[PDB]
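Trainee: sequence, then structure. It's an experimental one.
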Amino acid sequence: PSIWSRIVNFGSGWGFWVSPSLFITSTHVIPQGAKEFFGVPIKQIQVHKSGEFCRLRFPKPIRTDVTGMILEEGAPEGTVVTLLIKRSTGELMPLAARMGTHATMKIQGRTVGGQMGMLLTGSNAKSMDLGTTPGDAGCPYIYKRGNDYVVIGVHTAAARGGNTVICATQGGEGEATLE
Amino acid sequence: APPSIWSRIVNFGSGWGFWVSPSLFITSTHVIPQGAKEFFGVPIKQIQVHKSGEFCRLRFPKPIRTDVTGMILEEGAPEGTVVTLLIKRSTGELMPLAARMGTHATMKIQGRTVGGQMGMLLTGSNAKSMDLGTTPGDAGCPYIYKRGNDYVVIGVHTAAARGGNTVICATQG
């Protein structure tokens, strides 16, 4: 429950407090041409973009109610992680996804770098009761390793049918092999 | 998950129950306060109480949730169907939990045989370990899914297996 409170509205979507000073979101949900965030002058905030992943480091602790969480680049392939989907209508909707590889994907009429995954609701994630909607962007992907929670990125894209989702990650590089 | 469906879920005993129609209320058997004389002030003897296992179906003698329309109620879901447990928590959260329905089954809990349709939460690797599944207090919440443009309730929550993703939905016998 304290994990759900790290998820707040941000631009056209959401964002996640990894720590009191570190906030992550999707790049295409950020308000463009912003003078501040949360009243902190933009010049004092460290804005790191990579692909569709956006990291904001604030000059002083600001979400001081939370503890710092582990933020890793992706999740190991095969891991079943959780999208913590928050909806404007109040629902807290955790959805399991099976993670694949980092790659460069043609999806939602554009080109998106990130880690691919597939919702366990699979075939019928075309419904927003059982899948993603645009506007869920910025919501965090997490999983449990031992007793630790690990956040691996945030939501940023999905295929029309809903099954395939894309997690924007901090530095994603996939290795493959011609077989 | 429209509001008009969530509002059908109300507290009942140590859990919840669900208004299917203005006169029909469903819940999990074990959650009902024993030795009650009334429900919502309606004398028990005026209420038709039909129990089948952990499934309880109460028909009230007069309409009482007159704001709701009559919903489709069915005896479980076809195996492999993906549904949603509409979980309400006493601290006010609405948590829809996706699940895939399996077959009917039986488990011995506290020495007694408890049965129903089984399902697996699709909310994470291990739902109970991440606190992303059900919990004591949740029994009676409805399992729902959408067939075409109709919402269908298939039963209510009654039990879950410790340390995993498996849940038991009590269905109409």
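Mentor: Alright, I've got the coordinates. Numbering: from 1, shown residues only, chains lettered A, B, ... in the order given.
Trainee: going by C-alpha atoms from here, please, whenever you check contacts or count neighbours.
Mentor: Noted.
Trainee: can you count the residues close to the nearest residue to residue A:28 once chain neighbours are set aside?
Mentor: Distances taken as C-alpha to C-alpha, 6 or more residues apart in numbering or on different chains put residue A:52 closest to residue A:28, at 6.9 Å, once the chain neighbours are dropped. Residue A:52 is flanked by 23 other residues according to other C-alpha atoms under 10 Å in any protein chain shown.
Trainee: you'd agree residue A:52 is up against residue A:171?
Mentor: No. Using C-alpha atoms under 8 Å as the test, residue A:52 is too far from residue A:171 to be in contact (10.4 Å).
Trainee: so residue A:16 belongs to a strand, correct?
Mentor: Yes. When DSSP: H, G, I helix; E, B strand; the rest coil is applied, residue A:16 is found to be in a strand.
Trainee: that one - nearest residue in space that isn't next to it in sequence?
Mentor: residue A:7 (4.7 Å).
Trainee: before we move on, the earlier item: what separation do you get for the residue nearest to residue A:28 and residue A:168?
Mentor: Distance, residue A:52 to residue A:168, using C-alpha to C-alpha, to the nearest Å: 6 Å.
Trainee: list the residues that contact both of the two?
Mentor: Overlap of the contact sets of residue A:52 and residue A:168 (by C-alpha atoms under 8 Å, 6 or more residues apart in numbering or on different chains) consists of A:26, A:113-114, A:156.
Trainee: which PyMOL command selects the buried ones in the residues you listed?
Mentor: To isolate the buried members of those in PyMOL, using 16 or more other C-alpha atoms under 10 Å in any protein chain shown:
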select buried, chain A and resi 26+113+114+156
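Trainee: which of the shared contacts of residue A:52 and residue A:168 sits closest to chain B?
Mentor: Ranked by distance to chain B (C-alpha to the nearest C-alpha), the shared contacts of residue A:52 and residue A:168 are led by residue A:156 at 18.9 Å.
Trainee: measure the closest one to residue A:166 for me?
Mentor: Distance of residue A:156 to residue A:166, computed by C-alpha to C-alpha: 6 Å.
Trainee: give me the buried positions along stretch A:163-178.
Mentor: A:163-173.
Trainee: in those, find the pair that's most separated.
Mentor: A:163 and A:171 (23.6 Å; C-alpha to C-alpha).
Trainee: got the residues of chain A near chain B?
Mentor: Within chain A, the positions near chain B by C-alpha under 8 Å from any C-alpha of the partner chain are A:80-82, A:90-97, A:120-121, A:124, A:129-130, A:143-144.
Trainee: switch to 10 Å and redo it
Mentor: By C-alpha under 10 Å from any C-alpha of the partner chain, the residues of chain A that approach chain B are A:1, A:79-84, A:86, A:89-98, A:119-125, A:127-131, A:142-144, A:146-147, A:149.
Trainee: hey, what's the residue most central in space within chain A bridged with?
Mentor: Note on chain A: the residue nearest the mean C-alpha position is residue A:154, at 0.5 Å, using C-alpha atoms, centre = their mean. According to DSSP bridges, the residues that bridge with residue A:154 are residue A:140, residue A:168.
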